[PDB]
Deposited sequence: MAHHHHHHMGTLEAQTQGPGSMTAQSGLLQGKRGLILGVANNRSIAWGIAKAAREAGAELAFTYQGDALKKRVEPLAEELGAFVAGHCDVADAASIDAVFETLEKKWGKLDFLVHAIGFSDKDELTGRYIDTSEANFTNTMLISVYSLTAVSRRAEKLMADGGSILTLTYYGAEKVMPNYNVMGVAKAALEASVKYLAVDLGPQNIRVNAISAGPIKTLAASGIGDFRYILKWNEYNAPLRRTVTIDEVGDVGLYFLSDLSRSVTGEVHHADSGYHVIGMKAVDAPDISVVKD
């Protein structure tokens, strides 16, 4: 099993229909012991059974816009495991209304919030994961082609994900000498404002003529979490049925 003996934290599992869950399931299948956080006691009740379903330790409450939450979570894991092998960062909020409007009308609070939650969160968490990862490890986050090209209904998140992708590079350089690798999967859109059209566009135009699934993305996750990707860091990897190559 590719993660036999490995222990990891998955941030952002809130249901069984997300990429985070896809990665979690795949990593569990590969032999990983997992740890889930939940965002706010409303989610706790949905996250508990999901954790049971993959044998996952529930590591505590974790809102990324709260530095104390994050310290607590890693407190719990440092006592339980005393080491992390991998970390999966699947956190990302942007204001829903402003996505359907023009980027230029992006408010400041949204900009700052999106940036803090979608971008700084990784740096914050990665900072702490570093203490638990002195034996080496893999840090993984999620992005989208909207960081590279203008994509509809993405606006400030496009801007944010461009920042996330750069931060992955910078983080790769900080942590690499400790044999900690940092990477991002740029996922295509996945069947779950104006989402139906985007999905149909990928389906018709993406080389492989289908939208990606969470199982597909999960296995890409698995590769990044596994030793197969030992030599890979600071990389943005497209798991999008080839969509990124299409210029028209």
| query | finding |
| --- | --- |
| Chain regions without C-alpha coordinates, deposited sequence numbering | 1-26, 219-224, 281-293 |
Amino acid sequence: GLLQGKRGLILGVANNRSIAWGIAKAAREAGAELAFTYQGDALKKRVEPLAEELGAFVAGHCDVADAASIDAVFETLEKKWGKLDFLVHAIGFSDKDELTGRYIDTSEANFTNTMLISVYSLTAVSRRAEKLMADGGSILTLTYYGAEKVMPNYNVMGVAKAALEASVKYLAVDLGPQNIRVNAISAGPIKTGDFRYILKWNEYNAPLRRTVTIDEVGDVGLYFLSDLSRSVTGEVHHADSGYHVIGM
From here on, numbers count along this sequence of modelled residues.
query	finding
Given 108-116 and 71-79, the range whose Cα B-factors average higher in the PDB entry	71-79
Stretch with the greater mean C-alpha B-factor as recorded in the entry, comparing 16-24 against 228-236	16-24
Highest recorded Cα temperature factor - choice among 50, 208, 220, 214	50
Top residue by Cα temperature factor, when 126, 94, 155, 167 are compared in the entry	94
Chain third (lowest, middle, highest) by recorded CA B-factor, residue given as residue 174	middle
Entry-reported Cα temperature factor of residue 31, expressed as the chain third it lands in	middle
Entry-reported Cα temperature factor of residue 162, expressed as the chain third it lands in	lowest
Record-listed C-alpha B factor of residue 132: chain third	highest
B-factor third for the C-alpha atom of residue 88 within its chain	middle
